[PDB]
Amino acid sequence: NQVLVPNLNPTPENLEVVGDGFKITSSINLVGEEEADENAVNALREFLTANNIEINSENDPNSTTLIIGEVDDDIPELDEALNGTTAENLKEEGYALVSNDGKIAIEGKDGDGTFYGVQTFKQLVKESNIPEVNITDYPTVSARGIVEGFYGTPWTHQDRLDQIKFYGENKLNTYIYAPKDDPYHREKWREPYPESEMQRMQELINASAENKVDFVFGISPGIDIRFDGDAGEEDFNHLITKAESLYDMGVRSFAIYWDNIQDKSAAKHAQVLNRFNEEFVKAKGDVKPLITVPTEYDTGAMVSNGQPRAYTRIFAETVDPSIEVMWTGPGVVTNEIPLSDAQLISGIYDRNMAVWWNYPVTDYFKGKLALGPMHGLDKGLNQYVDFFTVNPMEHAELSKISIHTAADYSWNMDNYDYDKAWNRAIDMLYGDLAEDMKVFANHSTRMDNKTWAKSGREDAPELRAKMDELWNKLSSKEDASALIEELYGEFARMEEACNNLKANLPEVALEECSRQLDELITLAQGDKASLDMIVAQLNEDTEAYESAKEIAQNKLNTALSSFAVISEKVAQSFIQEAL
């Protein structure tokens, strides 16, 4: 009878259900498409073609009507369909969407906003059915997206085009090209791209524009750049030439990075940023603010006993207020960015900060997949941060899980529920295999290299709690057979789920997690024997105990020597505990 509102990402700021919903007709009347945003219309056209919905030549009173346009379009038929709702009073990228009584109206605050209004439209429609809603929506953070800045195998050309379509659909508006192991980015930054590399760049810039993504071209000259004299001039002119050749293809955002280098000449670092900001960014007139990261970029490396270190203090003293400055939080890879941490760093820089969030990146621990949600990021961080980006994994497809939640966190920050965002991410990306993918991904959220790098939601916490509850019940001689039978089910389910994934996941996802899927099936088997050891020990049956103990050690040995790493502190640790 009634059309429910489906999963939405990101969560729209304001949504009221105003009716029962209706079915969109075979063909629709399209109004406002001549004056509306070129890219928004295209995104709408593609969706309609895919879903077999034609567009009428002349108006049909029986057909569903769709009206679209910006605030600054003079289209009265649009304001008429919005029913007193407006985008006029919303911040940039905001939109209004109303659907009632056979009409759908999308008014964006600007072009970007109209595009995003279409994305929400796309998510609302299921089998030609749409709910009757009144929506107004806008981002918490104005810059949201991805910095490809990890070490290891850079994403393929095909990887990036697919990512950009994915960002557009989830209202992320920033992609920073800064892969560490691209020679022309870092190692040999002075050298121009070959012609065929420039043609690939061109395709990326185009696709970025088509999806309202600000393509940021990054460059990391900090290894061997000279600062003084004729050499400093030549080296600066190399930055201009490189940035020019990309401006001339349509790049309007630029980054200059100083992370992970020997040279800690703070004054000369900023002196370069400022000159580029003057002679290039401001001179061009249509270039977004310059983005950077200092050589000291985590609170630990930046601050000492409440006060900034020599590098940080001179860097902030010199760098122009308009330049976006990035930092990673309390550590390079850390549990939290508490509100107080952003307050301190934002204080030192007397500006709104940018976040380089190092998750789900796995370059420091390539055996594990980071498949968790945004976690430990304070929900009031928008107070000191106006620019938010995640460093993803070298595995592009599986990075989508974590990025999906980053879209929701940075768009609607104070509403962000991490467990709900995580569940929705997998529900939306995995369809039929969502339930099983959750079982698997649930064990692969926490990242820990045992030394300097810790981050992410803890692995399968409910299962960890049940494991701790067992040891307590056993060592105090309480009855445990209710919990044991419950745990057998869990471990069997882990095995059942992973086998179903191996059988049914499409290649693009499977070729990125198959080794870890194998690792978890093994541990699930080691856990089952661990229980068998517990049961036999209670039964005082040495035959069944020793038999199970060998099976358990056999699984643990497979896991400890294999490249793939998963569920260290839970499924793996349980076997170790039982021995």
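Quick note: we count residues from 1 along the sequence shown, nothing fancier.
**Student:** Which is higher on mean Cα B factor in this entry, 188-196 or 502-510?
**Tutor:** The stretch with the larger mean CA B-factor is 188-196.
**Student:** I need to verify one thing: averaged over C-alpha atoms only, is the B-factor higher for 310-318 or for 150-158?
**Tutor:** That would be 310-318.
**Student:** Maximum C-alpha temperature factor per the entry, among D228, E107, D408, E77, belongs to which one?
**Tutor:** Out of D228, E107, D408, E77, the record gives the largest C-alpha B-factor to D228.
**Student:** With respect to the C-alpha temperature factors reported in the PDB entry, which of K454, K171, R252, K122 ranks highest?
**Tutor:** Reading the PDB entry, the winner on C-alpha B-factor is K454.
**Student:** Comparing against every modelled residue in the chain, figure out the third that the C-alpha B-factor of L4 lands in (lowest, middle or highest).
**Tutor:** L4: CA B-factor falls in the middle third of its chain.
**Student:** Please say which third, lowest, middle or highest, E70 falls into when its CA temperature factor is compared across its chain.
**Tutor:** For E70, the deposited C-alpha B-factor lands in the lowest third.
**Student:** With respect to C-alpha B-factor, does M393 fall in the lowest, middle or highest third of the chain as deposited?
**Tutor:** For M393, the deposited C-alpha B-factor lands in the lowest third.
**Student:** Report the third (lowest, middle or highest) to which the CA temperature factor of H269 belongs, ranking only the modelled residues of the same chain.
**Tutor:** According to the entry, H269 has a C-alpha B-factor in the chain's highest third.
**Student:** Relative to the other modelled residues in the chain, which third contains the C-alpha temperature factor of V31: lowest, middle or highest?
**Tutor:** Answer is middle: the recorded C-alpha B-factor places it there.
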